[PDB]
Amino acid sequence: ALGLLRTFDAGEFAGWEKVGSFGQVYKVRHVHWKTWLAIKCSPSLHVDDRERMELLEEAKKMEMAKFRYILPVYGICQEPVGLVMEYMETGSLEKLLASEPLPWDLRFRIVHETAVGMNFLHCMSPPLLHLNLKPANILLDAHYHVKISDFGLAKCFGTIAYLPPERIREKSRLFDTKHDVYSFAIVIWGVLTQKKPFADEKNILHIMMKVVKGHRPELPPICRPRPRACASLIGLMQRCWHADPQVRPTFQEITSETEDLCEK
């Protein structure tokens, strides 16, 4: 797993340019490879053995999930302590959703590709739970294709909206695949509306409490350009954010439906 990863010396990189914020992310040129990469550096001053081992754990989890829709990892920098990864020119879905209105065909393809990546993680033996899935961690290449990133919290702030209600109900429940399915529901919501969930609201505590009783982000209306596909997606979203985790679909079931939203 960690055998193929390379150690990078900071002299190998140039043109450091901030893109991130957690930890700072930089676009770097690898001078000998004549290509750009991304490096996420630690926020602290003293990088202890706890961090350096966790960073290695983060890298090994990414390498085990090599896939078309998962962000490739190249290795670690020691000079500044950082994880070295593929560069995704277009940045995050969060930024894309806030920029301009997206055509519906692209929206459906983003949802589908995100679902196929998540399905791949849950198909591993044992399943890899992402546990931090949100528009900020869904990255886009020059042609707007998805690769899932941020494996910092994966297991074999603004995150409250993506947190399943059972995680608010139970003091430290055991993590499962149904956690990611909930977060994905809230991702669908953001793609449908181009808004951040619970953006208007004053305090988190009231909404969190209501979320435990079955409250969710307000359903969007049916769109004019693709009303049928939009209705189907709204329906799937709703099943994916059901209060009972066992009633939620699997990503196997999700990917089957999101595929039909793309094919005309």
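Residue positions are given as counts along the sequence shown, with the first one as 1.
S.K.: Residues without coordinates, deposited sequence, stretch from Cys156 to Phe157: is the count none, 1 to 3, 4 to 9, or 10 or more?
M.R.: Unmodelled stretch: 10 or more residues.
S.K.: Are any deposited residues left out of the model between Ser21 and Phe22, and how many (none, 1 to 3, 4 to 9, 10 or more)?
M.R.: According to the record, 1 to 3 deposited residues lack coordinates from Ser21 to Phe22.
S.K.: I need to verify one thing: averaged over C-alpha atoms only, is the B-factor higher for 43 to 51 or for 223 to 231?
M.R.: If you average the C-alpha B-factors of 43 to 51 and of 223 to 231, the larger mean comes out for 43 to 51.
S.K.: Determine, for stretches 96 to 104 and 182 to 190, which one has the higher mean CA B-factor as deposited.
M.R.: Looking at the record's C-alpha B-factors, the answer is 96 to 104.
S.K.: Please work out which residue in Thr90, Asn132, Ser149, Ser172 has the highest C-alpha B-factor recorded for this crystal structure.
M.R.: That would be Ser172.
S.K.: Would you mind finding, among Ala38, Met209, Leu236, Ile70, the residue with the largest C-alpha temperature factor in the entry?
M.R.: Of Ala38, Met209, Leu236, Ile70, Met209 has the highest C-alpha B-factor.
S.K.: Going by the CA temperature factor in the PDB record, which third of the chain does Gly11 belong to: lowest, middle or highest?
M.R.: Within its chain, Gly11 is a highest-third residue by C-alpha B-factor, going by the deposited values.
S.K.: Of the three thirds of its chain by CA temperature factor, lowest, middle or highest, which one includes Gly82?
M.R.: According to the entry, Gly82 has a C-alpha B-factor in the chain's highest third.
S.K.: Grab the CA temperature factor for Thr177 from the record and place it in the lowest, middle or highest third of its chain.
M.R.: It belongs to the middle third of the chain when residues are ordered by C-alpha B-factor.
S.K.: Compare the C-alpha B factor of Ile76 with those of the other modelled residues in its chain, then answer lowest, middle or highest third.
M.R.: CA B-factor rank for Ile76: highest third.
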